[PDB]
Amino acid sequence: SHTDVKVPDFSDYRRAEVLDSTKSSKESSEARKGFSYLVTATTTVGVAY
Amino acid sequence: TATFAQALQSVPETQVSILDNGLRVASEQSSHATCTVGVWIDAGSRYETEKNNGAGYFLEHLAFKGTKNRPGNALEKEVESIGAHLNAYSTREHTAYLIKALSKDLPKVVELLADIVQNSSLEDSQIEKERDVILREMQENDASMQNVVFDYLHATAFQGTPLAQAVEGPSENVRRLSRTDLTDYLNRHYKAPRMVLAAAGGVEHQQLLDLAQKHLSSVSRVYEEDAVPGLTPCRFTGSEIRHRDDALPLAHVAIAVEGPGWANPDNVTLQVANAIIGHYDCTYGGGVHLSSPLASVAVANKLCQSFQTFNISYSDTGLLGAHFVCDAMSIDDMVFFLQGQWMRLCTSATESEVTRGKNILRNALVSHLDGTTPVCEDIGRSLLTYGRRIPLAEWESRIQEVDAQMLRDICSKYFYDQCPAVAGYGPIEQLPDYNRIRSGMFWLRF
Amino acid sequence: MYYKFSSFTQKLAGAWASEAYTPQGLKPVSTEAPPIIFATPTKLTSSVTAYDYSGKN
Amino acid sequence: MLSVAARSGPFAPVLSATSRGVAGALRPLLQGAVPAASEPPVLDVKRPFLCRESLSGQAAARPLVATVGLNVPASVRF
Amino acid sequence: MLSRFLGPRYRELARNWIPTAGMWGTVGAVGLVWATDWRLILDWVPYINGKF
Amino acid sequence: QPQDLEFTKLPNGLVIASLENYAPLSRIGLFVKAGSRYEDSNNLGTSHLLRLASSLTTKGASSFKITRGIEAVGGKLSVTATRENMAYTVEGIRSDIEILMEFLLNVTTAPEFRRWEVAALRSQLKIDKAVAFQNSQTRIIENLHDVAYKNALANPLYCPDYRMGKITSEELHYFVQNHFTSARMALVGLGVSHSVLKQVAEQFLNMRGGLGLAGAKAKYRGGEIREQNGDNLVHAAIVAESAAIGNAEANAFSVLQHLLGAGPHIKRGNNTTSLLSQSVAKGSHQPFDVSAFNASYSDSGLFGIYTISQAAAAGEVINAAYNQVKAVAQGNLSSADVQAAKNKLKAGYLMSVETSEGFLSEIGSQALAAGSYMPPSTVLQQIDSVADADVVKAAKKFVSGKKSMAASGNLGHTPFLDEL
């Protein structure tokens with residue numbers, strides 16, 4: 001059936017803030033995209049300089 | 001004469017009473033000669049531990065195949081003795097057994113429901129027969145691509161949690177399914193404080209309360225281990241599942257974000273957002289003059305076969321998004337247009353669209369609650385989710401609080417710059433990469 | 001015949017007699033449930049022990 | 001019991017066809033979609049028979065015999 | 001011939017788009033000040049008073 | 001308690017009925033005796049395109065105005081069609097009923113029927129016929145009506161493929177000016193007072209006055225049709241002629257179909273009380289379903305059996321069902337099963353008039369056929385006044401009459417009508 005189709009574990013790839021399947025997301029999600037857009041922002045500052 | 005708010009005020013109130021067991025007995029009375037009486041149980045597929053995944057569905061199968069008091073099809077004959085309709089469903093969070101009947105047979109039907117509550121005989125030959133029937137209807141439900149996409153979206157949106165597993169479970173669980181685990185599931189998930197006996201139509205609340213005190217007294221009241229089963233939260237995962245099978249003629253794609261839940265009131269505002277976008281399929285007769293911009297664009301450019309928008313809510317979680325079936329050669333373009341509409345609701349929601357969505361939501365909320373059966377369903381799910389039956393006047397008061405500013409604030413809260421869950425099935429080569437979709441979930445012009 | 005719990009709305013909608021009350025097909029037997037093959041299955045493990053406080057003794 | 005469509009129990013939406021010009025607030029069950037099917041081939045038009053002399057000989061009188069050639073066009077006789 | 005663009009919906013659209021356009025004008029002004037080293041502005045910013 | 005249903009027979013023949021429900025949403029519908037019964041062979045499929053032309057340009061309201069006006073208030077406009085009558089129903093909030101009735105009556109009285117709009121609409125009717133023929137019951141009931149009647153009811157609900165691209169605006173205007181006449185209109189309203197409906201009907205619908213073009217008089221021919229399409233299941237419908245609507249024999253045939261099996265009562269039920277299901281289940285071991293079909297129109301009816309079975313076991317299923325009906329016709333029935341069938345019929349009618357849209361359909365149908373409303377208690381008393389000898393006589397009329405058989409599937413083992 002299509003109910004046999006199961007996603008395997010990604011625990012060897014996930015971030016530390018979303019490793020737990022019991023706690024909810026959307027609490028640390030803004031911190032994660034803040035870190036990623038901070039990396040993007042400082043790269044864009046460097047290339048603009 | 002009467003206005004809309006006065007007419008909603010004139011709707012009768014749902015009477016709710018309690019038992020010593022913890023049963024919630026609720027009833028809404030109208031002037032109909034028929035009635036719908038059902039039992040709603042807070043036990044879905046979310047309460048299973050991955051080794052009893054098909055347990056509630058298999059109980060729903062064996063629930064109508066005889067009891068200890070009424071062995072076998074004679075039970076069915078009883079439901080056909082009075083001309084009653086016996087229906088049931090199982091969800092990821094709820095289970096319901098409901099009977100439509102007349103009012104004059106209102107005692108015995110309650111007793112019949114009580115039988116299916118607490119005396120369900122599980123014969124082993126019936127286990128093998130219903131195992132074959134479950135395998136047959138899972139291979140039948142594989143043909144319907146919409147349910148496959150729904151299950152794929154739930155599997156990829158809540159990975160590693162008890163909300164990813166399907167209602168019916170995997171096939172191997174159906175093969176090795178014993179009777180002891182069904183008895184354990186019935187013992188630990190069919191207790192009295194997780195049950196609502198709901199009646200709608202030509203009923204009396206005192207007579208129904210007396211019948212529940214007679215038949216539905218002492219259902220379980222005991223956890224049998226002094227271990228209350230609870231529900232941990234389920235982690236939403238922005239991810240993507242793509243089932244590529246080019247032999248199918250059409251492709252189904254669903255894109256969702258994480259929803260707020262049941263008790264969070266902005267649900268109502270999010271309903272208005274869906275009412276702005278709406279639904280469309282090829283059998284409609286509006287042409288290019290449809291009010292929804294997505295529907296008008298899809299008609300004009302011949303993009304999609306059909307689309308719909310959903311706001312599915314579970315206990316402090318949910319999915320919120322769109323699902324469309326279309327040919328391969330349009331898929332990417334449809335995604336683009338859909339994302340544009342979402343960002344429009346995040347940036348430039350106007351007052352006329354908000355008023356139209358509010359009118360559509362009022363029409364949907366009242367037009368759903370016609371007849372005894374959806375009213376009984378509303379009562380049971382309201383006492384199970386909110387803990388109370390929310391009146392339609394309170395829905396009207398909640399709709400009237402919505403203007404364009406809080407609508408675009410809520411849409412910026414939930415839709416804007418968020419990781420979606422994408423489920424695809426069919427010729428989905430032109431379905432864009434997840435980086436493209438995540439880029440399309442925000443605007444550079446804001 | 002009257003209502004089926006569907007249409008992505010968590011509600012009962014209008015359905016036919018052959019779709020709401022006979023959801024199984026009229027095929028004689030179920031055909032097959034084919035397995036899924038993969039490169040290499042990943043490892044699944046949990047971590048919730050954490051630690052405790054520190055002090056004297 | 002009038003209302004023939006409602007009098008027939010299971011065959012209620014088979015004996016009556018319902019469509020809409022303006023979509024409702026409630027989403028319909030079984031939205032449905034036309035799959036991309038095949039198309040018939042395009043053939044040149046044939047001679048009409050609007051006089052009695054051209055209809056002379058057009059009526060069948062023999063068992064029908066098909067013939068497929070390799071480099072001969074496929075023919076049929078009545 | 002722009003009398004089509006007179007109405008309450010277009011007024012609400014423009015009113016929604018004032019702060020984003022103002023912020024983009026602020027970005028363009030700061031970018032033109034920084035890339036040209038204008039003495040009318042950097043002499044007022046307290047940190048950048050070293051090259052002039 | 002809401003007010004009683006109240007009627008008014010206008011001098012132009014229009015029948016208006018209103019019930020003040022004090023409902024939050026009002027539903028208002030016009031019922032017209034203008035089905036596919038009234039098409040001859042030169043205007044086939046006109047009723048299908050007229051059904052799909054409910055949002056075209058009218059006088060005073062264009063297509064854009066109609067769609068954007070009904071869609072802004074949240075209400076809906078829909079149209080349903082049997083083979084005998086159509087119904088244009090709008091529904092919406094009671095503060096919007098004035099513009100909703102304006103839109104409904106402008107749609108249903110004076111459509112402009114422009115050429116380019118129906119030229120756009122013909123592809124839509126092709127798509128509609130494809131979606132409607134995606135299932136299997138619709139095609140076999142359509143062929144059953146094709147073979148059961150020789151005229152005036154063999155005209156299908158959906159436009160034939162040869163007529164697509166051939167319906168013009170002139171024959172749509174001709175059909176409207178013949179069959180949308182005021183002597184065959186029932187304007188019914190739930191949630192609206194009689195004053196508003198009466199004043200709108202007197203102010204706007206004095207355009208046509210005549211009785212209209214009628215005189216169909218459908219006749220029975222019988223026979224069979226076979227559709228070899230290679231499905232693993234075989235669908236079969238074997239019917240015969242039966243009495244019309246509005247008679248005691250129609251109630252006898254309804255009691256007979258609820259005795260023989262008239263649809264499921266239990267989700268994934270075993271159909272214990274259905275006699276045909278009992279006979280096939282004692283005869284077979286395969287998945288199947290056998291039900292009883294009854295379609296009783298104003299002048300004639302069709303009653304019979306409908307089986308879906310396997311390709312290799314269609315003959316035993318059809319023979320078992322026919323032998324069960326033959327056993328019922330000989331007098332092999334008990335009074336408890338007749339009482340159960342009567343209770344099933346009463347509950348089925350009362351559940352059919354449960355919701356507001358089914359109730360309004362019942363109001364419009366009884367207002368068209370009789371000009372008044374029978375209360376449901378009188379209908380239940382008419383159900384209760386049927387003897388089992390009338391059921392035996394109805395089964396004997398079905399058995400001893402000429403038949404119409406429509407079959408679809410792999411019909412290698414499917415018996416012909418001479419072998420039943």
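The count begins at 1 with the first shown residue.
Cβ coordinates are placed from backbone N, Cα and C, and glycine is handled just like the others.
What Swiss-Prot records for B:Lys77 (among others) is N6-acetyllysine, and it gives a large-scale study or a structure entry as the kind of evidence. Cβ neighbour count for B:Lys77 (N6-acetyllysine) (all protein chains, 10 Å cutoff from its Cβ): 14.
In the three-state DSSP assignment, the secondary structure recorded for B:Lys104 (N6-acetyllysine) is coil. Proximity of B:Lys104 (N6-acetyllysine) to non-local residues of its own chain (separation of 6 or more, Cβ distance below 8 Å) is seen for none. The feature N6-acetyllysine is assigned by Swiss-Prot to B:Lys104 (among others).
DSSP classifies B:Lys129 (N6-acetyllysine) as helix under the three-state reduction. Counting only residues at least six positions away in the same chain, no Cβ atom sits under 8 Å from the Cβ of B:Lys129 (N6-acetyllysine). Look at Swiss-Prot and you will find B:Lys129 (among others) tagged as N6-acetyllysine.
Here Swiss-Prot flags B:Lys129 as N6-succinyllysine.
In sequence order, no residues are near B:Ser178 (phosphoserine), counting only same-chain partners six or more apart with C-beta under 8 A. What Swiss-Prot records for B:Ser178 is phosphoserine, and it gives similarity to another entry as the kind of evidence.
Counting only residues at least six positions away in the same chain, no Cβ atom sits under 8 Å from the Cβ of B:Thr180 (phosphothreonine). Here Swiss-Prot flags B:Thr180 as phosphothreonine.
The annotation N6-acetyllysine is assigned in Swiss-Prot to B:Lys214 (among others) on the grounds of a large-scale study or a structure entry. Residues near B:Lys214 (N6-acetyllysine) in space but far in sequence (CB under 8 A, at least 6 apart, same chain): none are found.
Using a cut-off of under 8 A between C-beta atoms, none of the modified residues B:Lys129, B:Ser178, B:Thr180, B:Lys214 neighbours chain F. DSSP assigns B:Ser178 (phosphoserine) to coil in the three-state reduction, outside any helix or strand.
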